[PDB]
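Visitor: experimental coordinates for this protein are included below, preceded by the sequence.
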Amino acid sequence: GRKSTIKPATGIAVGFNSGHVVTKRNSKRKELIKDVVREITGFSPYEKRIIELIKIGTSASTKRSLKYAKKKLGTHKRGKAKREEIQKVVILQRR
Amino acid sequence: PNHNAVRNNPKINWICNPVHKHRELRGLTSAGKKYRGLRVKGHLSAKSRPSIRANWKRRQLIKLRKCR
Amino acid sequence: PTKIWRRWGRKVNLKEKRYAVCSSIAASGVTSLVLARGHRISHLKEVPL
Amino acid sequence: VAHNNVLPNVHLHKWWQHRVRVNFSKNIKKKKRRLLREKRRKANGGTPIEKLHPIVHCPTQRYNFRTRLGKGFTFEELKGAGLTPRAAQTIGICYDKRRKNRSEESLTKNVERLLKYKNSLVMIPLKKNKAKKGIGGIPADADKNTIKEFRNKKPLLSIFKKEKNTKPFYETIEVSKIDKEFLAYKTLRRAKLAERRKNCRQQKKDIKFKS
Amino acid sequence: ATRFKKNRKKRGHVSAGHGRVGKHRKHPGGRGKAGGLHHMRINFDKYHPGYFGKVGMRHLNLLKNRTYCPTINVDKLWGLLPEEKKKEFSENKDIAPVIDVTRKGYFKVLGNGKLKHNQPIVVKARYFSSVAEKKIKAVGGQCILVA
RNA sequence: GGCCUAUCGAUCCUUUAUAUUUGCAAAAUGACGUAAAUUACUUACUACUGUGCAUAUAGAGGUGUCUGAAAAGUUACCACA
RNA sequence: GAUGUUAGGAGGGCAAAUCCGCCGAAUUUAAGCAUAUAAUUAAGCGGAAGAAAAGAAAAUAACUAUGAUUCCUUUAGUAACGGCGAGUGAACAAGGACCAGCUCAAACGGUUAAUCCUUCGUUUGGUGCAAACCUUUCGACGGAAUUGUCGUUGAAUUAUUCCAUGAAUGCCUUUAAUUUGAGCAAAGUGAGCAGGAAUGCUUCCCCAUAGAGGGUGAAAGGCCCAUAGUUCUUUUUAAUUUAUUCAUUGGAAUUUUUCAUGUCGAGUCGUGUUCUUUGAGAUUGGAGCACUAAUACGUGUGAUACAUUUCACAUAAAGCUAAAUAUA
């Protein structure tokens, strides 16, 4: 059960914000290195496919890309993070 | 461990002791820590920690006292 | 075979043990019981000595 | 298996004779532990060998009203006392980094406890007859006379023990201060019923705050 | 111990006190709990009614601390005071005892029995029954929910 | 239910029904709904509140060696109780 | 990269109770048996120590929160697994024992690698009869080391306060323990009787802080060794006693005030898939294979698959470390 870090807890034993009544208490180098690495190394092969899907720029193509990324890395979380990161690169490069 | 540079240095020194012969044959390398399940602590690795055999032996161990 | 793990001892109970001590001391108090226990106590002046 | 008697359930089925151990050692082992620790205390220049510990409140629902010795005073508690961790460590006050003072009362209570121990202790000059003010907020050294007289005194160890909670349940209130209109049961069940919706709102506030 | 045992009473008697005709053979039904559902089914039906199969919801780790909560009935409540104190309250109407149910290690107050009529009492506890609240109120006392 | 005397099936499991009954373990998913309120981590108040899985209750899927092991032969080469 | 009877060194084997890796059964149980069970056992093979292993949070909780590891007491025959049969089976808290923390790597330091090592030497000691050990600073000449050793543990700066420091003269006393070997060690060899010979039987004497044990021609406190008791000497380690002057280099902790807000282990984690293993259940751990990440507002836990998201708690993929604890 959630607590509140302001409006201190009710003295009762159950329900929301409950319990005993004591007074509760209370990036530059990274970019440079990454940029150097990108100039040396370029994209992954899968990343190249992902770039082409993002470049197509449609709901079907983007949906396919998200699913593809999920298959390649395993799990939604990793795939989504990668798709957003590549998409951001594609927008920036296109600009 | 039979050459002075490791014997002198107070850093890293420990590996010269007689008790660290053959770490790789005993599961006392990073790989060793891995396959014994010693890398991951917490409830998830449960029984591994004092050694897998040791843990089994403690759990089996049946104990009596003089007066019961 | 006889093993190492016979039930050798017994957990005798605190309250009972205390009572046994009190009662044993009290029994010693009584003249007839000491004599009965077989001591040659015939010429002693008093049993709580 | 036969008639009324409960179902059998004895887990000696995997080999167990090769696995008994019978402790005939109890009293002798106890005597040994005592003798070593006593010997150590005797060795250590008449100093106590016990280390100070914070009082803490027990984990979870089960023991919420009870209090016991923890492990390690935290940085806030040391700072409040007027000590720094290494210095504290030398005079037997035990440290940690892990604890964090969640609520006010516990911090105040622990700094008072540290202070009481600190005020009590009297310090031997390190290299003899060379007494100085010293570092880290450790209490300053002392002369020969005070030390000599103090060594002769009994070292009272009461501070090391756990604090007794003084019972105060047998307590009295005037009848005409009682408020009889309250419904405790109703309040409780309603609070339980309303919990999900309150969480739903709280979650929304938390989202709002973070942006 | 040994001298009292049953076998010494029967000591020379061929069966050892264990039946000439059928004799005592090893493991005579099969081991332990085996005969359930089949040849010892009648014993299992007749002595352990509900035994076989599974029923109800699963619970992955109980973590028993969460759900701990000893009970007391109101009936015993005045008994948590010593005698002399109780008499003093009976004599003097103007004051009443508070009772903190936590200090004696109980969490929920239940409703068995009869309280002394017209002694108010203030009850501090984590949990109450519906009945208990009504009874405590009926005698003019108050319930205080407290952690 | 069939004029009466016959016409048949445990546990696990599955399956589909039922409910203003419940769970999924620190939390949330109807709905910022209804009032207010100020510009916000605001206050009340609401039987009905994601997917999937699970329970509880009720049938049904079958055990004809029918109170319910998933099971073919052979030994004149043979062993043992 | 070879090569060297080059110079200095090391490993091999034996021993296993406890201890650590593997590899790995079945008899058995189920009244049969095939999943289970026996059992992460036995056998097989490798490796250590006086104990080992584990260890300094990718922990638990959901509280008024705890807080490295091990062990005991316990939770618990419980949650749970299982022809949901036979049977198997944890964790958290709580009470204790003990109680100890740490360093690489990463960052930072170039008007100068401040490191490290062999060989040659060289001196302040102390013990010891001698043998010998044990302390002790100071240089060479080689090498090694920037494909990264060393220092530092954000950075300066204020006040306060400490610690190493070096020289002179002085001073090593009394006790307490502790542990070895050492000594010394109380009174009857009194009648009489029967006996081969009392230590027996009487009876008259006694000693005991010793009437434990043993020996002696039959049961001996006084026959003997020993025993009780002490007196020394041995081990180490407490307490106590005395330092005082002068000397300079170097380091540390708070505290002010600034300014910097930095770093954090990849074919690894993860996921799929397999097989194994488990209390682990739409996978507990391991393992093979395939795919293969993110940078701290990250990513990992929060025991039912998932999405969209809170919040608590942690900081993986490098290392070490006493204690308790175990011993057929």
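Guide: Ah, there it is. Residues are numbered from 1 along each chain as shown, chains lettered A, B, ... in the order given.
Visitor: only C-alpha atoms from now on, for both contacts and neighbour counts.
Guide: OK.
Visitor: give me the most central residue, chain A.
Guide: residue A:81 (4.4 Å; Cα atoms, centre = their mean).
Visitor: could you list the residues of chain A in contact with RNA strand F?
Guide: Residues of chain A lying near RNA strand F by Cα under 7 Å from any atom of the strand: A:1, A:2, A:4, A:5, A:6.
Visitor: point me to the residue of chain A nearest RNA strand F.
Guide: For chain A and RNA strand F, the shortest gap (Cα to the nearest atom of the strand) falls at residue A:1, measuring 3.9 Å.
Visitor: so that residue is in contact with residue A:17, correct?
Guide: Yes. Contact criterion Cα atoms under 8 Å: residue A:1 and residue A:17 qualify, at 7.3 Å.
Visitor: and those two? Which one has more around it.
Guide: For residue A:1 and residue A:17, the more surrounded residue by other Cα atoms under 10 Å in any protein chain shown is residue A:17, and the numbers stand at 21 against 10.
Visitor: so who does the more buried one touch?
Guide: Residues near residue A:17 by Cα atoms under 8 Å, 6 or more residues apart in numbering or on different chains: A:1, A:2, A:3, A:4, A:8, A:9, A:10.
Visitor: in contact with the residue lying closest to it once chain neighbours are set aside, which residues?
Guide: Using Cα to Cα, 6 or more residues apart in numbering or on different chains and skipping residues adjacent in sequence, the residue nearest residue A:17 is residue A:3, 4.4 Å away. Contacts for residue A:3 (Cα under 8 Å, 6+ apart) come out as A:9, A:16, A:17, A:18.
Visitor: rerun at 10 Å
Guide: A:9, A:10, A:16, A:17, A:18, A:19, D:199, D:202 (Cα atoms under 10 Å, 6 or more residues apart in numbering or on different chains).
Visitor: now the residues you listed as CSV including secondary structure?
Guide: Below are the contacts of residue A:3 laid out as CSV (DSSP: H, G, I helix; E, B strand; the rest coil):
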residue, secondary structure
A:9, coil
A:10, strand
A:16, coil
A:17, coil
A:18, strand
A:19, coil
D:199, helix
D:202, helix
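Visitor: out of those residues, which is nearest to chain C?
Guide: Distances from chain C to the contacts of residue A:3, taken as Cα to the nearest Cα, are shortest for residue A:19 (42.0 Å).
Visitor: could you check how far the closest one is from residue A:10?
Guide: For residue A:19, the distance to residue A:10 (Cα to Cα, to the nearest Å) stands at 6 Å.
Visitor: the residue nearest to residue A:17 sits in which helix or strand?
Guide: Of the helices and strands defined by DSSP states H and E, none includes residue A:3.
Visitor: shared neighbours, residue A:1 and residue A:17?
Guide: Contacts common to residue A:1 and residue A:17, judged by Cα under 10 Å, 6+ apart, are D:195, D:199.
Visitor: so what does the helix ranked longest in chain B touch, helix or strand wise?
Guide: The residue-count maximum for a helix in chain B (DSSP state H) belongs to helix B:52-60. Packing partners of helix B:52-60 (3 or more Cα pairs under 10 Å, 6 or more residues apart in numbering or on different chains; DSSP states H and E): none among the helices and strands.
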